[PDB]
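So this one's structure-v1.txt, compact mmCIF, C-alpha atoms:
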```txt
# COMPACT_ATOMS: atom_id res chain seq x y z
CA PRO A 5 0.00 0.00 0.00
CA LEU A 6 0.96 3.66 -0.38
CA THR A 7 3.10 4.98 2.50
CA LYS A 8 3.23 8.39 4.19
CA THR A 9 6.60 9.30 2.68
CA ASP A 10 5.07 8.95 -0.78
CA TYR A 11 2.27 11.39 -0.07
CA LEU A 12 4.84 13.71 1.51
CA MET A 13 6.92 13.75 -1.66
CA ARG A 14 4.02 15.30 -3.58
CA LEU A 15 2.85 17.55 -0.74
CA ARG A 16 6.40 18.87 -0.28
CA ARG A 17 5.65 20.86 -3.41
CA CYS A 18 2.51 22.40 -1.94
CA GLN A 19 3.21 25.97 -0.79
CA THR A 20 1.57 28.75 1.18
CA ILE A 21 -0.94 26.46 2.93
CA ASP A 22 -3.82 28.00 0.97
CA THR A 23 -2.70 25.74 -1.85
CA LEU A 24 -2.32 22.93 0.71
CA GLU A 25 -5.75 23.50 2.19
CA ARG A 26 -6.91 23.30 -1.40
CA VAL A 27 -4.93 20.15 -2.17
CA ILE A 28 -6.03 18.45 1.06
CA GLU A 29 -9.63 19.46 0.25
CA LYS A 30 -9.20 18.07 -3.27
CA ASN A 31 -7.85 14.82 -1.86
CA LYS A 32 -10.46 14.20 0.88
CA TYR A 33 -13.16 13.70 -1.72
CA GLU A 34 -11.96 10.75 -3.88
CA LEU A 35 -9.50 9.64 -1.19
CA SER A 36 -9.33 6.01 -0.10
CA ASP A 37 -10.50 6.92 3.41
CA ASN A 38 -8.35 4.17 4.88
CA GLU A 39 -5.29 5.42 3.01
CA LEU A 40 -6.40 8.90 3.98
CA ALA A 41 -5.15 8.00 7.45
CA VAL A 42 -1.66 7.69 5.97
CA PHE A 43 -2.17 10.85 3.89
CA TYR A 44 -3.26 12.83 6.97
CA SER A 45 0.14 12.11 8.47
CA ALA A 46 1.73 13.81 5.47
CA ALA A 47 -0.74 16.68 5.65
CA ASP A 48 0.14 17.42 9.27
CA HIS A 49 3.83 16.80 8.64
CA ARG A 50 3.95 19.18 5.69
CA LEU A 51 1.77 21.70 7.52
CA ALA A 52 4.13 21.44 10.45
CA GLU A 53 7.28 21.95 8.42
CA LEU A 54 5.59 24.75 6.51
CA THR A 55 4.35 26.69 9.51
CA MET A 56 7.97 26.71 10.68
CA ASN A 57 9.96 27.05 7.43
CA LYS A 58 12.17 24.09 8.37
CA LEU A 59 12.21 20.66 6.69
CA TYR A 60 11.96 17.80 9.17
CA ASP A 61 12.52 14.12 8.43
CA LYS A 62 10.79 13.40 11.74
CA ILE A 63 8.54 15.98 13.35
CA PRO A 64 9.61 16.91 16.90
CA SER A 65 7.00 16.70 19.65
CA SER A 66 7.82 20.33 20.41
CA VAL A 67 6.50 21.54 17.05
CA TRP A 68 2.95 20.18 17.28
CA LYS A 69 1.92 22.79 19.86
CA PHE A 70 2.15 25.64 17.32
CA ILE A 71 -0.40 24.21 14.88
CA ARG A 72 -3.68 26.16 14.67
CA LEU B 6 -25.91 9.50 31.99
CA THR B 7 -22.41 9.44 33.50
CA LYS B 8 -19.72 6.73 33.53
CA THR B 9 -19.85 6.33 37.29
CA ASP B 10 -23.53 5.62 36.87
CA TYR B 11 -22.81 2.74 34.52
CA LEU B 12 -19.92 1.73 36.75
CA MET B 13 -22.26 1.55 39.75
CA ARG B 14 -24.45 -0.92 37.88
CA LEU B 15 -21.53 -2.87 36.50
CA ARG B 16 -20.02 -2.91 39.99
CA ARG B 17 -22.68 -5.45 40.91
CA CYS B 18 -21.36 -7.75 38.25
CA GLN B 19 -19.18 -10.65 39.31
CA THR B 20 -16.95 -13.31 37.71
CA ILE B 21 -16.22 -11.36 34.49
CA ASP B 22 -18.16 -13.92 32.44
CA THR B 23 -21.37 -12.34 33.74
CA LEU B 24 -19.97 -8.93 32.86
CA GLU B 25 -19.02 -10.09 29.37
CA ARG B 26 -22.63 -11.20 29.09
CA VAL B 27 -24.14 -7.91 30.23
CA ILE B 28 -21.64 -6.00 28.06
CA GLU B 29 -22.61 -8.24 25.13
CA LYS B 30 -26.32 -7.59 25.72
CA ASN B 31 -25.70 -3.84 25.97
CA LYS B 32 -23.80 -3.60 22.68
CA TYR B 33 -26.93 -4.27 20.61
CA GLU B 34 -29.39 -2.30 22.76
CA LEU B 35 -27.51 0.90 23.54
CA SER B 36 -27.84 4.44 22.20
CA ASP B 37 -24.48 4.21 20.41
CA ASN B 38 -23.90 7.87 21.22
CA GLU B 39 -24.55 6.90 24.83
CA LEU B 40 -22.89 3.48 24.41
CA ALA B 41 -19.41 4.98 24.28
CA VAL B 42 -19.58 6.16 27.87
CA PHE B 43 -20.77 2.70 28.95
CA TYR B 44 -17.64 1.29 27.36
CA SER B 45 -15.63 3.52 29.69
CA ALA B 46 -17.32 2.02 32.75
CA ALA B 47 -17.16 -1.43 31.19
CA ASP B 48 -13.37 -1.28 30.86
CA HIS B 49 -13.11 0.05 34.38
CA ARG B 50 -15.17 -2.77 35.86
CA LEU B 51 -13.43 -5.45 33.80
CA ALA B 52 -10.11 -4.05 34.92
CA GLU B 53 -11.16 -3.94 38.54
CA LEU B 54 -12.58 -7.43 38.13
CA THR B 55 -9.44 -8.74 36.39
CA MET B 56 -7.40 -7.74 39.43
CA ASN B 57 -9.97 -8.18 42.18
CA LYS B 58 -9.46 -4.64 43.46
CA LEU B 59 -11.86 -1.70 43.33
CA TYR B 60 -10.12 1.37 41.90
CA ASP B 61 -11.81 4.73 41.75
CA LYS B 62 -9.31 5.64 39.03
CA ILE B 63 -7.53 2.89 37.14
CA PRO B 64 -3.68 2.78 37.30
CA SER B 65 -1.81 2.69 34.00
CA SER B 66 -0.15 -0.61 34.99
CA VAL B 67 -3.25 -2.83 34.80
CA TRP B 68 -4.31 -2.12 31.20
CA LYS B 69 -1.63 -4.54 29.98
CA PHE B 70 -3.29 -7.40 31.89
CA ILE B 71 -6.62 -6.91 30.14
CA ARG B 72 -7.58 -9.69 27.73
CA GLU C 3 -17.83 13.86 20.06
CA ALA C 4 -16.84 10.89 17.87
CA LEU C 5 -13.37 10.85 19.48
CA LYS C 6 -14.94 9.36 22.59
CA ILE C 7 -15.51 6.05 20.77
CA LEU C 8 -11.77 5.37 21.01
CA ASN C 9 -11.87 5.00 24.83
CA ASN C 10 -12.39 1.25 24.48
CA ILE C 11 -9.32 -0.89 25.00
CA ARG C 12 -10.70 -3.87 23.08
CA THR C 13 -11.83 -1.67 20.19
CA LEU C 14 -8.58 0.19 20.39
CA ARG C 15 -6.71 -3.06 19.69
CA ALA C 16 -9.09 -3.99 16.91
CA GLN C 17 -8.81 -0.80 14.88
CA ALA C 18 -5.10 -0.91 15.70
CA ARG C 19 -4.41 -4.16 13.86
CA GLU C 20 -4.99 -2.52 10.48
CA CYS C 21 -2.69 0.41 11.23
CA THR C 22 1.08 0.08 10.99
CA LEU C 23 3.35 0.80 13.95
CA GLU C 24 4.95 3.97 12.63
CA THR C 25 1.56 5.62 12.24
CA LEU C 26 0.52 4.47 15.71
CA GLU C 27 3.48 6.37 17.22
CA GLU C 28 2.35 9.51 15.37
CA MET C 29 -1.22 9.19 16.60
CA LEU C 30 0.06 8.64 20.12
CA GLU C 31 2.41 11.58 19.90
CA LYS C 32 -0.49 13.63 18.50
CA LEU C 33 -2.60 12.61 21.44
CA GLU C 34 -0.19 13.18 24.30
CA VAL C 35 0.48 16.59 22.85
CA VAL C 36 -3.26 17.23 23.01
CA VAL C 37 -3.75 16.04 26.62
CA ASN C 38 -0.61 17.88 27.76
CA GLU C 39 -2.27 20.97 26.37
CA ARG C 40 -5.20 20.31 28.66
CA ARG C 41 -3.15 19.18 31.67
CA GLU C 42 -1.75 22.70 31.67
CA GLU C 43 -5.06 24.28 30.77
CA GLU C 44 -7.69 22.55 32.93
CA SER C 45 -5.68 21.06 35.81
CA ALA C 46 -3.23 23.95 35.98
CA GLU D 3 -11.54 2.15 11.93
CA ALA D 4 -12.40 5.63 13.23
CA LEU D 5 -8.68 6.11 13.96
CA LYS D 6 -8.18 8.36 10.94
CA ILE D 7 -9.27 11.32 13.09
CA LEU D 8 -6.52 10.56 15.57
CA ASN D 9 -3.70 11.29 13.15
CA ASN D 10 -5.08 14.74 12.32
CA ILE D 11 -3.87 17.35 14.70
CA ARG D 12 -6.43 20.10 14.01
CA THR D 13 -9.71 18.28 14.60
CA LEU D 14 -8.07 16.16 17.27
CA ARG D 15 -7.73 19.19 19.50
CA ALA D 16 -11.29 20.20 18.61
CA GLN D 17 -13.05 16.93 19.38
CA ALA D 18 -10.86 16.73 22.51
CA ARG D 19 -12.35 19.91 23.95
CA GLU D 20 -15.82 18.29 23.88
CA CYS D 21 -14.50 15.38 25.95
CA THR D 22 -13.49 15.75 29.59
CA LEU D 23 -9.86 15.56 30.67
CA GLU D 24 -10.32 12.61 33.02
CA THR D 25 -11.34 10.49 30.05
CA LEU D 26 -8.57 11.89 27.86
CA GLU D 27 -6.11 10.56 30.40
CA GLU D 28 -7.83 7.16 30.23
CA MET D 29 -7.75 7.07 26.47
CA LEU D 30 -4.13 8.12 26.32
CA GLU D 31 -2.97 5.55 28.81
CA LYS D 32 -5.08 3.07 26.88
CA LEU D 33 -3.46 4.12 23.62
CA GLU D 34 0.06 4.06 25.03
CA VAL D 35 -0.45 0.50 26.26
CA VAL D 36 -1.75 -0.62 22.84
CA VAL D 37 1.16 0.82 20.89
CA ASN D 38 3.64 -0.62 23.33
CA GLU D 39 2.16 -4.06 22.57
CA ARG D 40 2.98 -3.96 18.88
CA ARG D 41 6.55 -2.94 19.53
CA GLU D 42 7.13 -6.43 20.93
CA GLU D 43 4.95 -7.92 18.21
CA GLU D 44 6.88 -6.54 15.23
CA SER D 45 10.27 -6.36 16.99
CA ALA D 46 13.76 -7.11 15.60
```
Target encoding structure tokens, full file:
Amino acid sequence: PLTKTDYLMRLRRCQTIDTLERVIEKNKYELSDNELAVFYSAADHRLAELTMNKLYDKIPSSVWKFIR
Amino acid sequence: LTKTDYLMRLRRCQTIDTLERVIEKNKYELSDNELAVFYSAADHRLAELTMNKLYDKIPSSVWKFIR
Amino acid sequence: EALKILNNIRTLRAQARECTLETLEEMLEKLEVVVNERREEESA
Amino acid sequence: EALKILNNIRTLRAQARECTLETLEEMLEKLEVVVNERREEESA
């Protein structure tokens, strides 16, 4: 099955969140639902490393607090 | 209804097998939205029945022993 | 709301079988972050 | 199952507000136990 890193590859390109909110919105409808669980990890990851302008391989526990 | 309320009722239950039975009967009859809170009391009772001690709040240690 | 359904240790295991371990750690880390936010808020 | 909500930080906070803290603690300690169990399972 598709893994989180794969989704993250594509989402790494998604910039300024507004585009991300759009891409996540575009995904949710048509998404596998079960796979969506893996995709959500990439959404949060990317959103995390975008809110902070740093690129993490693994998101630190410290970072999650800053998400809106 | 609150969890303690369900826990009061389930507190009467003995020998786990009887609890499994009441829990089994509840699954198909309950409000679903309400059922979730019953599950909280159900775990509590089963825990405190698994160990033969009555905890007001369940210690993290016991959850491993649950079947 | 519908988060409350997860407070069932048997059902937690069930739904857990179909998730891989590396995701489980993320969910857990998501969660503790959330309750730590309330431990400070509510309790403190 | 309904776990997909758990790995989504935004709504996770939200739906957590509508639950009490004393349950959140229960759920978390429940979750932590479950994930610890697969660590041994997979292993090596």
Over all C-alpha atoms, paired in order, superpose chain C onto chain D by least squares and report how large the RMSD is in Å.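 The root-mean-square deviation of C-alpha positions is 1.2 Å.
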For a cutoff of 12 Å around the file-coordinate point (-11.0, 8.2, 29.6), which residues qualify once you count all atoms listed in the file? I'd like the result as a PyMOL selection string. (chain B and resi 8-9+41-49+62-65) or (chain C and resi 5-11+37) or (chain D and resi 18+21-33)
Considering only C-alpha atoms, can you say which of A:39, A:28, A:50, A:60 comes closest to residue 12 (chain A)? A:50
Quick check, in Å to one decimal: how far apart do CA of residue 32 (chain B) and CA of residue 54 (chain B) lie?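 Computing the Euclidean distance for CA of residue 32 (chain B) and CA of residue 54 (chain B) yields 19.5 Å.
The two atoms in question, CA of residue 19 (chain D) and CA of residue 16 (chain C), are spaced 25.1 Å apart.
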10 Å contacts from chain A to chain D using all atoms listed in the file, as a ChimeraX atom specification: /A:37-49,52,68-69,71-72
So which one's closest to chain C, B:50, B:60, B:40, B:17? Using only C-alpha atoms, please.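 Nearest candidate to chain C out of B:50, B:60, B:40, B:17: B:40.
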Straight-line distance linking CA of residue 42 (chain C) with CA of residue 65 (chain A), stated in Å to one decimal: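 CA of residue 65 (chain A) lies at a distance of 16.0 Å from CA of residue 42 (chain C).
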Would you mind telling me which residue in C:36, C:45, C:20, C:14 lies nearest to chain B when using only C-alpha atoms? C:14
Need the shell around residue 70 (chain B): protein/DNA/RNA residues with any atom at most 9 Å away, counting only C-alpha atoms. Skip same-chain ones fewer than 2 positions apart. Format as number ranges by chain? B: 52, 55-56, 66-68, 72
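Shortest separation to chain C among B:30, B:58, B:53, B:37 occurs at residue B:37, atoms counted being only C-alpha atoms.
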